[PDB]
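What follows is each chain in one-letter form.
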Amino acid sequence: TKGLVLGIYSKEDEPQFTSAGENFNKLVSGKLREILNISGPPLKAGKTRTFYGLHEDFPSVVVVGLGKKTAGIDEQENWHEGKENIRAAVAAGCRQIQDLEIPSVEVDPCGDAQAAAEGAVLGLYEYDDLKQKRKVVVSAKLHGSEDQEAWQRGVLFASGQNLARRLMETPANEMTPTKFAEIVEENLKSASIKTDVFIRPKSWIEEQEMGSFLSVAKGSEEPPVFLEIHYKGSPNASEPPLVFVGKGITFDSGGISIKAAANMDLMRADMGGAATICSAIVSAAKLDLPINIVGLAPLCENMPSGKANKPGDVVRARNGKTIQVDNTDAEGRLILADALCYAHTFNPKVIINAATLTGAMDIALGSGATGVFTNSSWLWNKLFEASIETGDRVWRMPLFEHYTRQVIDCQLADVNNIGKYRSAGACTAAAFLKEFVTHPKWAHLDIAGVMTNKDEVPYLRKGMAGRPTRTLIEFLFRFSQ
Amino acid sequence: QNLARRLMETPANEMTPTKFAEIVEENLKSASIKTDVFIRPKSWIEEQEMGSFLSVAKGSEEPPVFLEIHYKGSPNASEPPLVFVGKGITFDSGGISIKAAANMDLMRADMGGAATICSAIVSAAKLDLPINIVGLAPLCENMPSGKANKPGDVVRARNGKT
Amino acid sequence: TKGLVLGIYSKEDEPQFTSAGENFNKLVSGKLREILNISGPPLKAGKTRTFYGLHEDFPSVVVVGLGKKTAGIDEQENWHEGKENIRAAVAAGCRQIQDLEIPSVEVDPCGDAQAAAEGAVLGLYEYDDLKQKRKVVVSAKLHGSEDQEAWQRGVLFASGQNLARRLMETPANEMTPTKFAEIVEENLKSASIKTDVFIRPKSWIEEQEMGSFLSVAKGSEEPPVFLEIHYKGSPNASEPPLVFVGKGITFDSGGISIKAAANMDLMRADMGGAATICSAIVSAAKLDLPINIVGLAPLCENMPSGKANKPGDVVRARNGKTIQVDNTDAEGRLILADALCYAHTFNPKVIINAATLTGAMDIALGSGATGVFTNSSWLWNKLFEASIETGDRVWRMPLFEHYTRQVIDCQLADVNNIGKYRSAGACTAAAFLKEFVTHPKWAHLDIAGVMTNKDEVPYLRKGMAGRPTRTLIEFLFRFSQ
Ligand SMILES: [Zn+2]
Ligand SMILES: [Zn+2]
Ligand SMILES: [Zn+2]
Ligand SMILES: [Zn+2]
């Protein structure tokens, strides 16, 4: 009927199976173990082998490599390695059932039903929607009935990611400042009726003295929308919130300080900051987490025109500070100078903000870890531990005065959107945003190196990554618990 | 000088083709009541067959203003003048033949020509110098857009030359 | 006769003095306190004011701002801030005595006689030697007689730095692979007779199957020298050592994969890795630290010629691994593939290596902190704590498999001197070097962002920085103790 992803570890006396496959072997009377011997060398990590006709109702059975049974937290990779073995491994497996065009598949729990589900679901995702030429659409259910809410936690966590991924990936002519707001509101509302959405327009933004956000919007003839998300998780609604903030440029052409044509099509995912955090709130509502969260996202586009933002311009942020706009591509910093100010209105506990802010971050760590600068070691630890579980690493970076200094000197104004020099790129951009924040537990996450995947993360196919949505969701689960 | 300097230095979103004209007129008028100002608009410019000036203005959605300054310094007003002229791009991005981002913020001072000479007339009025001077300055911006000036284009200057 | 740098803090009832200046006030009978009132607003951090004729033997008296008395370790700047106040502050002071052309100056201990001496000495340094037009040469002694071995520890620590600085700064036609070896040997030998030097030549290198180091040397007609330093610090000479390794390109032109002319004159300090660590061993010998240290440094130049290293070339490192040399500017990685292998010969405890390795590090942190990747959290902590004392910060970076992977795939060979992509620049370069190391406590310090100073570090004038020589020296003091 349908396919099966089964698993095996690496040697003891005979390389063992995850019990479900030990059990499926008994079932086809040793003929799985036996054909695996006949096939060739053993299956190391995330390597795959397909065995036809072993079972009457499982014509294709893919056995995938899970590595060492007792693989655990790694001091060097700063993750739980087991989970990582299982994700790459059942992603691998699920992508094999899928090339065989088997529309459904049952997955071996592999000792961690959540890693299995985060592998099967992140593993299989594409964004097929505008290609009339699509791969088969395969339904992936758990094999078994024992470990069900952890597999659904995998499906949940990986699905919150695939949403950031679709929200990122879609061409920015479809994915506008209005359409993103609309899908996020429909997604947050299906998640919890204990929610409110506000797709606030230019009049409200104008009214909110958001000059910096608004200066950025004006080049395009596409409407700005400041989005406001509310999740009423706590028992007493009056609990102070945890506010997520995120930059939402639907398309970044650089503006007058215009980008080069080389691969500029990826700028459609410069709204990755707004996508990431939104998908993460949708998931804590889906999880129905005992915390009140607020989601904030400036949405607009960065375009050249007869009325675009010019180099040398002093605009005013909500908080009275003026910014010299010396480079029109440094606009996420400006979009975020106002949504960050508005975050203090809400009286929060933690203000996590996220943004595909600078390529220098990409030069720095470049898809290994997502750089997070925070004036809070508590907050750092909190993020870093979630990174170990989820596997979507996060690395700390310096919010030293050293850097505020280069952005704080300014010919016309109070702050300047770029620093005096080329060096320390992600650090000057983060020390510019510190100027718009006075809350003690603040964290900037620069998502610009983890924007994309190719081969680096296994269980993620080539394209927009939606990183770090699960670390973020894992942080709010641990914080709620 | 410090007036040309402030008139140069101010970010070109504040220092427009209209705001420069306005500060220069207030400065020239405080200097001497023996003055006249004309912050002539696009209709006058159109009328003055200023196709070349006007082609430049069209990329931006910011208004052109041709500024005209008069200082009546001489005893006999009929003395022929000394005319100062000066380029007043409030911001230069290069247009379609667009500049590189490296330090382009300084293009706010591409109206330095109009600033320099204006500040100089304001001072000869402040000095109340026995000469009639006339100040002339095209003000506009150079921007890329759906209706910006394209490469290869023949426009016509007031004098018939293309 | 001579000048005086005195100090004052920020308000209580009347902004207090460092006791020496309270004492110098009593001495000119309140007329220092009194003229400070008459002068204007109070002196905040590292700001300066000169008072002539207060004393008969102190014609110019500079009072410098020390900030808050109780300024201490900062959780955000990750340093001892007091020390930092005092360095910038008596550097400031000493540079004022010096423009007045007063050839000598007495310095206020300022509560930490070492920070005062590290400020006066780093503060005043230039490299005047090839200018017939030089500033005055001012002798800076302590004011007082109470706290003498800590001031001499400042003078020692700052002088080990100014040596890395002179060793960096000198034009690479003077500072050759032979001349560096010669000054280091004269400096290490004046420091301790319990030392040995080996300025090993091309024949020895050839003999040591150092194909990678040697491939790099061949473009130039300037001799390679592999330098070997020995400090016999321990009681039992048989104690295993702590081996420092460091890249010593006297000049880097990129080779065939040739650099652009823009500011290429700074490549004379691509031997900053060899300078840094050498200056640090010279200082632990000067300190006579109860540890055996070994200093290792490939010295050579990177030049284009009829026999330079070409793009696409497989050369062999001492350890059997082959490297595809796809970019001739990635040569520090190659120079270090062999000196790192040779480090395991010595049976070490810690292998600290240091190198002006990549500009991407400069894009990353860029003179804030010196990036240190280490497979040793112990080693990381050890370095990071020294950074807090000295003020010369050090930031951890990721030695994740993620990065080994991009350098480990290779068309012709085993490893490749550059990675498949532009991203994660310092991380691929550090994960390439991990391939030449099998010791548990290894640490790569990429010095390329801290190569230079301008205004960022106060007590250091514009030019080669000699960073992090004091963090390094402080680590060996703490390790010996
Ligand atoms: Zn941009
Ligand atoms: Zn952007
Ligand atoms: Zn190089
Ligand atoms: Zn080099």
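Things to note about the UniProt feature "binding site: Mg(2+)" in chain A
Residues and elements named next belong to chain A.
Logical step 1: Under the UniProt annotation, "binding site: Mg(2+)" lies at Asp252, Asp329 and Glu331. A maximum C-alpha distance of 9.0 Å is found for the annotated residues, which run over 80 residues; spatially they form one tight group.
Logical step 2: Since its relative accessible area comes to 19%, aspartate 329 is described here as buried.
Logical step 3: Locating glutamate 331 in the fold gives a position in the loop between β14 (322-325) and α10 (332-343).
Logical step 4: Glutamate 331 gets classed as buried once you look at its relative accessible area, which sits at 1%.

A few points about the pairing of strand β10 (residues 242-246) of chain C
Every regular strand shows the same layout, with side chains that alternate between the two sheet faces.
Residue and element names in this part refer to chain C.
Logical step 1: Among the five residues in β10, five count as buried, and that is most of the element.
Logical step 2: Neither face of β10 is open: one carries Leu242, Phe244 and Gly246, the other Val243 and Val245, and all of them are buried.
Logical step 3: Bridge count between β10 and strand β12 (residues 293-302): four bridges; the pairing is parallel. Bridging from a neighbouring strand, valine 243 pairs with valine 294 of β12.
Logical step 4: Of the pairings in the sheet, the one linking β10 to strand β15 (residues 350-355) comprises five bridges and is parallel in character.

Some details on the sheet that holds strand β7 (residues 139-142) of chain C
Residue and element names in this part refer to chain C.
Logical step 1: Across the sheet, which stays open at both edges, the five strands sit in the order β2-β3-β1-β6-β7 with mixed pairing between neighbours. Every interior strand has two partners, whereas the edge strands, β2 (48-55) and β7, have only one. Within the sheet, the average angular offset between the axes of one strand and its neighbour, ignoring direction, is 30°.
Logical step 2: Bridge count for strand β6 (residues 104-107) against β7 is four bridges, and the pairing is parallel. When the sheet's bridge partners are listed, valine 107 is paired in β7 with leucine 142.
Logical step 3: Packing against the sheet, helix α1 (residues 19-27) makes contact with β1 (3-8), β2 and β3 (58-65), and its axis sits at approximately 115° to β1.

Section: the packing of α1(C) against helix α2 (residues 31-39) of chain C
Residues and elements named next belong to chain C.
Logical step 1: The contact between α1 and α2 brings their axes to 6 Å, and the two run at 100°. With respect to α2, the element α1 is oriented roughly perpendicular. Facing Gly21, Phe24 and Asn25 of α1, the residues of α2 in contact are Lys31, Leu32 and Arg33.
Logical step 2: Among the residues forming the contact of α1 with α2, the class breakdown is two nonpolar, two polar and two charged.

Points about the interface of chain A and chain C
Accessible area lost upon the coming together of the parts is a frequently used measure of interface size.
Logical step 1: Contacts between the two partners involve 39 residues from chain A and, on the opposite side, 39 residues from chain C.
Logical step 2: Counting the surface lost from both chain A and chain C, the interface buries some 3100 Å², and carbon and sulfur atoms represent 49% of this.
Logical step 3: Looking only at chain A, the three residues that lose the most surface to chain C are A:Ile363, A:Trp395 and A:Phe400, adding up to 21% of its buried area.
Logical step 4: Here chain A and chain C share six salt bridges between them.
Logical step 5: Of the charged contacts in the structure, one is a salt bridge between C:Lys420 and A:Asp455, with a shortest N-O distance of 2.9 Å.
Logical step 6: Our enumeration of links across chain A and chain C arrives at 28 residue pairs in polar contact.
Logical step 7: For the side of chain A that touches chain C, the elements supplying multiple residues, two or more each, are α11 (359-364), β17 (394-396), α13 (401-408) and α14 (425-433) of chain A.

Cut-offs applied
- Residues numbered from 1 in each chain as written, not as in the entry; some residues may be left out.
- Chains lettered and ligands numbered in written order.
- Part of a larger assembly, values for the part shown.
- Heavy atoms only, no water.
- UniProt positions renumbered as here; feature names shortened; annotations may be inferred.
- Buried < 20%, exposed > 50% of the residue type's maximum accessible area, 1.4 Å probe, protein only.
- Helix = DSSP H or I, 4+ residues; strand = E, 2+ residues; numbered from the N terminus.
- Pairing = 2+ DSSP bridges.
- Axes fitted to C-alpha atoms, helices over the stretch in contact; angles between N-to-C directions.
- Contact = heavy atoms within 4.5 Å.
- Parallel < 35°, antiparallel > 145°, perpendicular 65-115°, else oblique.
- Nonpolar A, V, L, I, M, F, W, Y, C, P; charged D, E, K, R; others polar.
- Buried area = accessible area lost by both parts, 1.4 Å probe.
- Salt bridge = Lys/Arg side-chain N within 4 Å of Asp/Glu carboxyl O.
- Polar contact = N/O pair within 3.5 Å; in protein donor to acceptor, adjacent residues only side chain to side chain.

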